Each structure stands twice: as structure tokens, then as C-alpha cells.
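Structure first, then comments.
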Amino acid sequence: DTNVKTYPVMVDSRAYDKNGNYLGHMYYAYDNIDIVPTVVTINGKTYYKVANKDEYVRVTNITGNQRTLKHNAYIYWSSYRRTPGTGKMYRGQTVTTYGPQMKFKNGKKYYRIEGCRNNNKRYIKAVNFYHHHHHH
Ligand SMILES: [Ca+2]
Ligand SMILES: [Zn+2]
Ligand SMILES: [Zn+2]
Ligand SMILES: [Zn+2]
């Protein structure tokens, strides 16, 4: 494989055959992974092929998703704690999120965002990417 990019795994990625069957192992955040940077669709979902393996990992977990804030957002380490020293992001700013929504112990859903590491945890509440806040 001659076309290869390196990216941190931002979310523990299940490894899948070309048919979208789980192979029983994972790639782990925040290790680097080598991928062929060509999007591959399998049963409606996007993957990258791991370099020199007939293995596929979800794009969302690697290069993630461009999302636009619909509301001012604080950056959270956990349910009740802001990432230390962080400010806010504003309605209209663009954020890279990785992976599906994650349910914290408060019961609310979060997106892991660019820069999140074990010593620098960075999440935004999912609702801040939706128009309707009928919950305030
Ligand atoms: Ca807010
Ligand atoms: Zn609002
Ligand atoms: Zn409001
Ligand atoms: Zn609101």
C-alpha cells in the first residue's frame, strides 16, 4: 500500500472485514494508525482500510466529523467539570468531533472533540449541535 496517512485514533475503533463483520480486535485511542486515506462505504457507513491489512475502521473515529455549533458551549472534562483553563465556543463556530455520542454519568450525551487526550479531556454536550432546546 503506497498511499498512507498517519492519524491518532481518537475513539477505540472496532476492526471490520470488507463486509462489515467485526474481526474481534480493536485499534485504541490515542495510538497512531496508518490508513489508506480513501473513503470506503460498507452497509451505509464510511471506513478507511488499515495500511497492509484487509481491515476497516470507521472514519468518524479517525478524521471525525465537521459540526457547527447552534449554541454557546463550554468544554467539559466530565459531567460536572469544565476542561481546566478552557473558555467557550460560540454559536456558528465549527468543531471537529470524533465518534458517536457518548453518554456520561449525568445521563447526557457528549461528542469528543479535537485535542481530547487522557490528561486533556475535551467534550462538548451533543445538544449544542441541535436547534431545538425544549429542555431549559
Ligand atoms: Ca450553552
Ligand atoms: Zn441556545
Ligand atoms: Zn438559550
Ligand atoms: Zn439552549
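Order determines the names: the first chain of the C-alpha cells is A, the second B, and so forth; residues in each chain are numbered 1 upward, and ligands are numbered 1 upward as they are shown.
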Considering only C-alpha atoms and all ligand atoms, tabulate each residue of chain A that lies at most 7 Å from ligand 1 along with its nearest interatomic pair and the corresponding distance in Å to one decimal; arrange the rows by chain and ascending residue number and present them as a Markdown table.
| residue | atom | partner | partner_atom_place_in_ligand_line | distance |
| --- | --- | --- | --- | --- |
| A:71 | CA | ligand 1 | 1 (Ca) | 5.6 |
| A:72 | CA | ligand 1 | 1 (Ca) | 4.3 |
| A:73 | CA | ligand 1 | 1 (Ca) | 4.5 |
| A:74 | CA | ligand 1 | 1 (Ca) | 6.6 |
| A:128 | CA | ligand 1 | 1 (Ca) | 6.9 |
Go through the chains and note each residue within 9 Å of ligand 4, using only C-alpha atoms and all ligand atoms, then give the set as number ranges by chain. A: 70-72, 127-128, 131-136
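DSSP, applied to the backbone of this structure, assigns strand (DSSP E or B) to the following residues of stretch 19-49 of chain A: residues 22, 23, 24, 25, 26, 27, 32, 33, 34, 35, 36, 37, 38, 39, 40, 41, 42, 45, 46, 47, 48 and 49 of chain A.
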Stretch 95-110 of chain A surroundings by only C-alpha atoms, 9 Å radius, close-in-sequence under 5 positions cut, as a CSV table (one decimal) with N, CA, C and O atoms, in the first residue's frame:
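The resulting file, part12.csv, is shown below:
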chain,number,residue,atom,x,y,z
A,10,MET,N,-8.8,8.5,17.7
A,10,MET,CA,-9.5,9.4,18.7
A,10,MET,C,-10.6,8.7,19.4
A,10,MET,O,-11.0,9.2,20.5
A,11,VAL,N,-11.0,7.5,18.9
A,11,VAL,CA,-12.0,6.7,19.6
A,11,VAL,C,-11.7,5.2,19.3
A,11,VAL,O,-11.5,4.9,18.1
A,12,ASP,N,-11.8,4.3,20.4
A,12,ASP,CA,-11.5,2.9,20.2
A,12,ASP,C,-12.3,2.4,19.0
A,12,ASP,O,-13.5,2.6,19.1
A,13,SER,N,-11.6,1.9,18.0
A,13,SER,CA,-12.2,1.5,16.7
A,13,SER,C,-12.3,0.0,16.7
A,13,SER,O,-11.2,-0.6,16.7
A,58,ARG,N,-13.9,2.8,11.2
A,58,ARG,CA,-14.8,3.9,11.0
A,58,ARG,C,-14.1,5.2,10.9
A,58,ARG,O,-13.4,5.6,11.9
A,59,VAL,N,-14.3,6.0,9.8
A,59,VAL,CA,-13.8,7.3,9.5
A,59,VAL,C,-14.1,8.3,10.7
A,59,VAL,O,-13.2,9.1,11.1
A,60,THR,N,-15.3,8.2,11.3
A,60,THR,CA,-15.7,9.0,12.4
A,60,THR,C,-14.7,8.9,13.5
A,60,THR,O,-14.6,9.9,14.2
A,61,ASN,N,-14.1,7.8,13.7
A,61,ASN,CA,-13.2,7.5,14.9
A,61,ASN,C,-11.8,8.1,14.6
A,61,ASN,O,-11.0,8.2,15.5
A,62,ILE,N,-11.5,8.4,13.4
A,62,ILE,CA,-10.1,8.8,12.9
A,62,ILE,C,-10.0,10.2,12.6
A,62,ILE,O,-9.3,10.9,13.3
A,63,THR,N,-10.7,10.6,11.4
A,63,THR,CA,-10.7,12.0,10.9
A,63,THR,C,-12.0,12.7,11.4
A,63,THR,O,-12.0,13.9,11.3
A,64,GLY,N,-13.0,12.0,11.9
A,64,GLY,CA,-14.1,12.6,12.6
A,64,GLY,C,-15.0,13.4,11.7
A,64,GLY,O,-15.0,13.2,10.5
A,65,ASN,N,-15.8,14.3,12.3
A,65,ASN,CA,-17.0,15.0,11.7
A,65,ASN,C,-16.8,16.5,11.9
A,65,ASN,O,-16.6,16.9,13.1
A,66,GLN,N,-17.0,17.3,10.9
A,66,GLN,CA,-17.2,18.8,11.0
A,66,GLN,C,-18.6,19.1,11.4
A,66,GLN,O,-19.6,18.6,10.8
A,67,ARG,N,-18.7,19.7,12.6
A,67,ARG,CA,-20.1,20.0,13.1
A,67,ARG,C,-20.1,21.5,13.5
A,67,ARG,O,-19.0,22.0,13.8
A,68,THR,N,-21.2,22.2,13.3
A,68,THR,CA,-21.4,23.7,13.5
A,68,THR,C,-22.2,23.8,14.8
A,68,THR,O,-23.3,23.3,14.9
A,69,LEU,N,-21.6,24.6,15.8
A,69,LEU,CA,-22.4,24.9,17.0
A,69,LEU,C,-23.7,25.7,16.7
A,69,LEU,O,-23.7,26.7,15.9
A,76,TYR,N,-15.9,20.3,28.3
A,76,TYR,CA,-16.0,19.5,29.6
A,76,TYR,C,-15.0,18.4,29.6
A,76,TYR,O,-14.7,17.8,28.6
A,78,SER,N,-15.6,16.2,32.3
A,78,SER,CA,-16.5,15.2,32.8
A,78,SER,C,-17.9,15.8,32.9
A,78,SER,O,-18.1,17.0,32.5
A,79,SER,N,-18.9,15.1,33.4
A,79,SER,CA,-20.3,15.5,33.6
A,79,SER,C,-20.3,16.9,34.2
A,79,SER,O,-21.0,17.8,33.7
A,80,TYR,N,-19.6,17.2,35.3
A,80,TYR,CA,-19.7,18.4,36.1
A,80,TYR,C,-18.4,19.2,36.1
A,80,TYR,O,-18.2,20.0,37.1
A,89,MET,N,-16.9,28.0,23.2
A,89,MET,CA,-17.1,28.1,21.8
A,89,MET,C,-18.5,28.6,21.5
A,89,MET,O,-19.4,28.4,22.4
A,123,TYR,N,-14.7,17.4,25.7
A,123,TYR,CA,-16.1,17.0,25.2
A,123,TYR,C,-16.9,18.3,25.1
A,123,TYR,O,-16.8,19.2,26.0
A,124,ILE,N,-17.9,18.3,24.2
A,124,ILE,CA,-19.0,19.2,24.1
A,124,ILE,C,-20.3,18.5,24.2
A,124,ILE,O,-20.5,17.4,23.6
A,125,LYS,N,-21.3,19.0,25.0
A,125,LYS,CA,-22.7,18.5,25.0
A,125,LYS,C,-23.2,18.4,23.6
A,125,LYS,O,-23.1,19.3,22.8
A,126,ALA,N,-23.8,17.2,23.3
A,126,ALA,CA,-24.4,17.0,21.9
A,126,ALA,C,-25.4,18.0,21.6
A,126,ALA,O,-25.4,18.6,20.5
A,127,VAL,N,-26.4,18.3,22.5
A,127,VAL,CA,-27.5,19.2,22.3
A,127,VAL,C,-27.0,20.5,21.7
A,127,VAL,O,-27.7,21.2,21.0
Quick one: everything within 9 Å of residue A:31, counting only C-alpha atoms, minus sequence neighbours fewer than 5 positions away in the same chain. Send it as a ChimeraX atom specification. /A:7-10
Selected residue of minimal separation from ligand 3 among A:49, A:81, A:18, A:91, counting only C-alpha atoms and all ligand atoms: A:91
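Each of A:121, A:57, A:35, A:90 was checked against residue A:22 using only C-alpha atoms; the smallest atom-to-atom distance is that of A:57.
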Between A:40, A:6, A:30, A:85, smallest distance to residue A:117 by only C-alpha atoms belongs to A:30
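For the choices A:46, A:32, A:38, A:118, the atom-to-atom distance to residue A:20 is smallest for A:46 when using only C-alpha atoms.
When only C-alpha atoms are used to compute distances to residue A:14, the closest of the residues A:82, A:56, A:119, A:33 turns out to be A:56.
Atom 1 (Zn, counted along the ligand's line) of ligand 3 is found 12.6 Å from atom CA of residue A:129.
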